[PDB]
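What follows is a short report on a single structure.
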Amino acid sequence: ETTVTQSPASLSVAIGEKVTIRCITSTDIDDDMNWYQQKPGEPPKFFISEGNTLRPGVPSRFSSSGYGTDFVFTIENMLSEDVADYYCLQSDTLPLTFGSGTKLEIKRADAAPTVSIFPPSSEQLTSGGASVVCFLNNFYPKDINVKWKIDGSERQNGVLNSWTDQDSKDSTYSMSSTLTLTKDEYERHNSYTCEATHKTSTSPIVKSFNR
Amino acid sequence: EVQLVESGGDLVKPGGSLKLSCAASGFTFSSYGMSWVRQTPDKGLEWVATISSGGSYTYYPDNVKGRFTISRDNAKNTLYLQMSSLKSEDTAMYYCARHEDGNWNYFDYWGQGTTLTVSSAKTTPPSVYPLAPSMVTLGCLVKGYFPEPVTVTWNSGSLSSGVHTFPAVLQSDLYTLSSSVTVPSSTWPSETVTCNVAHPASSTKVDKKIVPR
């Protein structure tokens, strides 16, 4: 059927800058291209319908162009409230197909992560488990690398990593890293460490504990 | 003002069946085409089915035809999606949406969405573990629950600033997530800091106090 290639996937820009998203259809689609905005947690919000006609209530700073296969959606000057995911939808032929989306990020000043490590809680050891958590908070850019070293030696088996979305207040990121491992394996070692290399530092910020 | 509220999302075994419903208000229902769109974090928005205002025509994409069935009740102003032979791949957030046209068209209005989870995993409450060690940072580990969601607050919502709750990550069988809160050093442990976790699926609600080891 009709395929729609959207780009870029993710775009990092600073407040005020022009944002340009493009959607290209595999077949001539006329002017039946639609655009939606989606904030985290909420459902899609209709911004522009067929014929590049702005839906009522959408700021004039938004607009789209195109007829045929090449469609362009632009935001004159990105504001804070515009940071969201944008999707294009072709409504010319079934099946209705959406673009892959463009996730916007607020480009802000670099920031080092505030790292802290937690040894497993007593009641967890009791139930035979032993998880070691390490929080790296309020950093930026999102790109960071965590490594767990159980006594100088690195570990790769048993690590769970979760990142949060760009903070709606300071535009920073935070990630949780959890090293899970048998109570035995745990007790039979000593130095547990959480190594994190962030764009914001030449030396890998390290946080560890013993026993 | 247009309003669409769906319900029926739930945990279901593979091959099982479900019937999502969508209540529509604020507009003359029998005049518009209605539809169901689903969304996943790895495949994005995906049109599932559409039905005409009269109910005469119904359209479906290949991957879902034969198993899903859309239908409408123009008297009750309700939309339905009958799902059968669910696959692990049908796990997604399902949105109820309206078409601006009488048949099919683009989507102008969307409901809040209901989430469906197809899995053989059993409902299981989470084990809550307190994470104890300028300002200090404390955390809470919610481990091994299923399905989603789980609600995490600190001091029953009294501690709002400085809280970071990370997205649950599907483990092998169960989910697990963590939350961290940071407070002035003068307030802990001189003041108690409890972490509360509610897992509605199992009607469980745990309150774990973060005490210094």
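So you can find residues: chains in the structure tokens are A, B, ... in the order shown, residues in each start at 1, and ligands are numbered from 1 in order.
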Please report, as a tab-separated table, each residue of chain B lying at most 7 Å from chain A, together with the nearest pair of atoms and the separation in Å rounded to one decimal; use only C-alpha atoms, and order rows by chain and ascending residue number.
```
residue	atom	partner	partner_atom	distance
B:44	CA	A:100	CA	6.4
B:45	CA	A:98	CA	6.5
B:46	CA	A:98	CA	7.0
B:47	CA	A:96	CA	6.2
B:61	CA	A:95	CA	5.8
B:105	CA	A:91	CA	5.9
B:106	CA	A:91	CA	5.5
B:108	CA	A:46	CA	5.7
B:110	CA	A:43	CA	6.6
B:112	CA	A:43	CA	6.1
B:129	CA	A:121	CA	6.3
B:130	CA	A:121	CA	6.3
B:131	CA	A:118	CA	6.2
B:132	CA	A:118	CA	6.7
B:133	CA	A:118	CA	5.9
B:166	CA	A:164	CA	5.6
B:167	CA	A:162	CA	6.2
B:169	CA	A:162	CA	6.9
```
Write a file of the selected residues as a tab-separated table (two decimals), in the first residue's frame, keeping N, CA, C and O atoms.
```tsv
chain	number	residue	atom	x	y	z
B	44	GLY	N	4.93	2.50	17.00
B	44	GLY	CA	4.21	3.76	16.91
B	44	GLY	C	2.71	3.61	16.69
B	44	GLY	O	2.14	2.55	16.95
B	45	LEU	N	2.08	4.67	16.21
B	45	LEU	CA	0.65	4.65	15.96
B	45	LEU	C	0.36	3.68	14.83
B	45	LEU	O	1.13	3.58	13.88
B	46	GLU	N	-0.74	2.96	14.96
B	46	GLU	CA	-1.15	1.97	13.97
B	46	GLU	C	-2.67	1.84	13.92
B	46	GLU	O	-3.31	1.49	14.91
B	47	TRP	N	-3.23	2.16	12.76
B	47	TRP	CA	-4.67	2.07	12.54
B	47	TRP	C	-5.11	0.61	12.65
B	47	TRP	O	-4.52	-0.27	12.02
B	61	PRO	N	-7.06	-3.56	8.44
B	61	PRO	CA	-5.80	-3.78	7.73
B	61	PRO	C	-5.61	-5.31	7.71
B	61	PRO	O	-6.37	-6.02	8.36
B	105	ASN	N	-11.60	8.79	7.10
B	105	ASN	CA	-10.91	10.04	6.80
B	105	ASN	C	-9.71	10.12	7.72
B	105	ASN	O	-9.16	9.10	8.13
B	106	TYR	N	-9.30	11.34	8.05
B	106	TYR	CA	-8.19	11.52	8.99
B	106	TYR	C	-8.85	11.45	10.36
B	106	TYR	O	-10.08	11.36	10.45
B	108	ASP	N	-9.79	13.32	13.80
B	108	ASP	CA	-9.79	14.62	14.44
B	108	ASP	C	-9.89	14.57	15.97
B	108	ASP	O	-9.37	15.45	16.65
B	110	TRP	N	-9.56	12.06	19.65
B	110	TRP	CA	-9.08	10.84	20.29
B	110	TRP	C	-9.48	10.74	21.75
B	110	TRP	O	-9.53	11.74	22.46
B	112	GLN	N	-8.93	8.93	25.70
B	112	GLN	CA	-7.75	8.86	26.55
B	112	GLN	C	-6.92	7.61	26.30
B	112	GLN	O	-5.73	7.59	26.58
B	129	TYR	N	11.31	-2.58	48.30
B	129	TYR	CA	12.53	-2.50	49.10
B	129	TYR	C	12.98	-1.06	49.25
B	129	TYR	O	13.09	-0.33	48.27
B	130	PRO	N	13.25	-0.64	50.49
B	130	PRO	CA	13.70	0.72	50.79
B	130	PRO	C	15.17	0.86	50.46
B	130	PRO	O	15.95	-0.06	50.72
B	131	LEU	N	15.56	1.99	49.90
B	131	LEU	CA	16.95	2.22	49.56
B	131	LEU	C	17.50	3.35	50.44
B	131	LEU	O	17.19	4.53	50.24
B	132	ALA	N	18.29	2.98	51.43
B	132	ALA	CA	18.90	3.93	52.34
B	132	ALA	C	20.38	4.06	52.02
B	132	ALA	O	21.03	3.10	51.60
B	133	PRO	N	20.94	5.27	52.20
B	133	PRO	CA	22.36	5.55	51.93
B	133	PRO	C	23.33	4.44	52.35
B	133	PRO	O	23.38	4.03	53.51
B	166	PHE	N	11.46	6.16	37.52
B	166	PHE	CA	11.87	5.58	36.25
B	166	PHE	C	10.87	4.60	35.65
B	166	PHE	O	10.21	3.84	36.37
B	167	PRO	N	10.73	4.61	34.31
B	167	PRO	CA	9.80	3.72	33.61
B	167	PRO	C	10.07	2.27	33.99
B	167	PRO	O	11.22	1.86	34.11
B	169	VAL	N	10.66	-1.57	33.64
B	169	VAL	CA	11.37	-2.30	32.59
B	169	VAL	C	10.96	-3.75	32.73
B	169	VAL	O	11.13	-4.36	33.78
```
- Query: residue 91 (chain B): which residues within 7 Å, counting only C-alpha atoms, same-chain residues fewer than 4 positions away excluded, as a list in words?
  - Reply: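 Here the answer would be residues 116, 117 and 118 of chain B.
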- Run DSSP on the backbone and give me the residues of region 68-177 of chain B it puts in strand (DSSP E), as number ranges by chain. B: 68-73, 78-84, 92-99, 107-110, 114-118, 127-131, 135-145, 151-154, 163-165, 169-170, 175-177
Contacts of residue 193 (chain A) at 7 Å (only C-alpha atoms; same-chain gap of 5+ positions) as a PDB file with N, CA and C atoms, in the first residue's frame:
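Generated output (part31.pdb):
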```
ATOM      1  N   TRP A 148      29.160  -1.589  35.752  1.00  0.00           N
ATOM      2  CA  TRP A 148      29.267  -2.106  37.104  1.00  0.00           C
ATOM      3  C   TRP A 148      30.493  -2.988  37.262  1.00  0.00           C
ATOM      4  N   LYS A 149      31.344  -2.645  38.221  1.00  0.00           N
ATOM      5  CA  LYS A 149      32.547  -3.427  38.468  1.00  0.00           C
ATOM      6  C   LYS A 149      32.498  -4.079  39.851  1.00  0.00           C
ATOM      7  N   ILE A 150      32.331  -5.396  39.869  1.00  0.00           N
ATOM      8  CA  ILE A 150      32.282  -6.140  41.118  1.00  0.00           C
ATOM      9  C   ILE A 150      33.710  -6.552  41.494  1.00  0.00           C
ATOM     10  N   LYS A 207      31.385   5.827  41.851  1.00  0.00           N
ATOM     11  CA  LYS A 207      30.735   5.761  43.157  1.00  0.00           C
ATOM     12  C   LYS A 207      30.716   4.292  43.593  1.00  0.00           C
ATOM     13  N   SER A 208      31.327   3.990  44.737  1.00  0.00           N
ATOM     14  CA  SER A 208      31.392   2.610  45.212  1.00  0.00           C
ATOM     15  C   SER A 208      31.244   2.436  46.724  1.00  0.00           C
ATOM     16  N   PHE A 209      31.137   1.180  47.159  1.00  0.00           N
ATOM     17  CA  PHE A 209      31.011   0.844  48.577  1.00  0.00           C
ATOM     18  C   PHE A 209      31.561  -0.565  48.814  1.00  0.00           C
TER      19      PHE A 209
END
```
- Note on the structure: From CA of residue 197 (chain A) to CA of residue 155 (chain A) the spacing works out at 15.9 Å
- Message: List the spatial neighbours of region 146-158 of chain B as an MDAnalysis selection string - criterion: any atom at most 8 Å away, only C-alpha atoms, same-chain residues fewer than 3 positions off excluded.
- Response: chainID B and resid 11 117 121:126 165 174:175 179 181 193:201
Dump C-alpha atoms for the selected residues as a compact mmCIF listing (two decimals), in the first residue's frame?
```
# COMPACT_ATOMS: atom_id res chain seq x y z
CA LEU B 11 -4.58 -8.52 30.98
CA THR B 117 -1.78 -6.64 27.73
CA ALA B 121 2.22 -14.02 33.08
CA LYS B 122 0.21 -14.10 36.30
CA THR B 123 -0.91 -11.03 38.25
CA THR B 124 1.58 -10.64 41.08
CA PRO B 125 2.05 -7.84 43.64
CA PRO B 126 5.51 -6.19 43.82
CA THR B 165 10.29 7.68 38.99
CA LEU B 174 7.82 -9.51 35.73
CA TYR B 175 8.28 -5.75 35.83
CA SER B 179 11.99 5.80 42.32
CA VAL B 181 13.65 11.34 46.09
CA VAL B 193 10.38 9.60 54.64
CA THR B 194 8.01 6.86 53.53
CA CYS B 195 7.54 5.55 50.03
CA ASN B 196 4.10 4.26 49.02
CA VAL B 197 3.46 1.75 46.25
CA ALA B 198 0.02 0.80 44.92
CA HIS B 199 -0.52 -2.05 42.48
CA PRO B 200 -4.24 -1.83 41.62
CA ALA B 201 -4.12 -5.08 39.63
```
- Distance query residue 153 (chain A) at most 12 Å, only C-alpha atoms, self and fewer than 4 positions along chain excluded, as an NGL selection string: :A and (147-149 or 189-195)
Can you tell me which residues surround residue 37 (chain B) at a distance of at most 9 Å, considering only C-alpha atoms, apart from same-chain residues fewer than 5 positions away, and format the answer as a PDB file with N, CA and C atoms, in the first residue's frame?
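Saved as part_12.pdb:
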```
ATOM      1  N   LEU B  45       2.084   4.673  16.205  1.00  0.00           N
ATOM      2  CA  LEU B  45       0.653   4.653  15.956  1.00  0.00           C
ATOM      3  C   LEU B  45       0.365   3.685  14.831  1.00  0.00           C
ATOM      4  N   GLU B  46      -0.743   2.963  14.959  1.00  0.00           N
ATOM      5  CA  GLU B  46      -1.146   1.972  13.973  1.00  0.00           C
ATOM      6  C   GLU B  46      -2.667   1.842  13.920  1.00  0.00           C
ATOM      7  N   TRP B  47      -3.231   2.157  12.759  1.00  0.00           N
ATOM      8  CA  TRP B  47      -4.670   2.073  12.535  1.00  0.00           C
ATOM      9  C   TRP B  47      -5.106   0.610  12.649  1.00  0.00           C
ATOM     10  N   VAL B  48      -6.140   0.352  13.444  1.00  0.00           N
ATOM     11  CA  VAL B  48      -6.615  -1.016  13.647  1.00  0.00           C
ATOM     12  C   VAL B  48      -7.920  -1.355  12.934  1.00  0.00           C
ATOM     13  N   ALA B  49      -8.869  -0.423  12.951  1.00  0.00           N
ATOM     14  CA  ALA B  49     -10.163  -0.637  12.304  1.00  0.00           C
ATOM     15  C   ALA B  49     -11.016   0.629  12.235  1.00  0.00           C
ATOM     16  N   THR B  50     -11.877   0.689  11.229  1.00  0.00           N
ATOM     17  CA  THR B  50     -12.771   1.825  11.039  1.00  0.00           C
ATOM     18  C   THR B  50     -14.173   1.340  10.670  1.00  0.00           C
ATOM     19  N   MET B  93      -1.556   0.168  23.485  1.00  0.00           N
ATOM     20  CA  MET B  93      -2.504   1.120  24.018  1.00  0.00           C
ATOM     21  C   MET B  93      -3.504   1.336  22.886  1.00  0.00           C
ATOM     22  N   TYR B  94      -4.783   1.137  23.166  1.00  0.00           N
ATOM     23  CA  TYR B  94      -5.787   1.313  22.136  1.00  0.00           C
ATOM     24  C   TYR B  94      -6.576   2.606  22.273  1.00  0.00           C
ATOM     25  N   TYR B  95      -6.521   3.421  21.221  1.00  0.00           N
ATOM     26  CA  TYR B  95      -7.233   4.691  21.176  1.00  0.00           C
ATOM     27  C   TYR B  95      -8.500   4.614  20.342  1.00  0.00           C
ATOM     28  N   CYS B  96      -9.529   5.276  20.840  1.00  0.00           N
ATOM     29  CA  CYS B  96     -10.806   5.360  20.165  1.00  0.00           C
ATOM     30  C   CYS B  96     -10.727   6.713  19.462  1.00  0.00           C
ATOM     31  N   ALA B  97     -10.960   6.764  18.158  1.00  0.00           N
ATOM     32  CA  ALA B  97     -10.865   8.058  17.487  1.00  0.00           C
ATOM     33  C   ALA B  97     -11.969   8.287  16.491  1.00  0.00           C
TER      34      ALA B  97
END
```
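With only C-alpha atoms as the atoms that count, the minimum distance from residue 109 (chain A) to the choices A:170, A:70, A:85, A:154 is reached by A:170.
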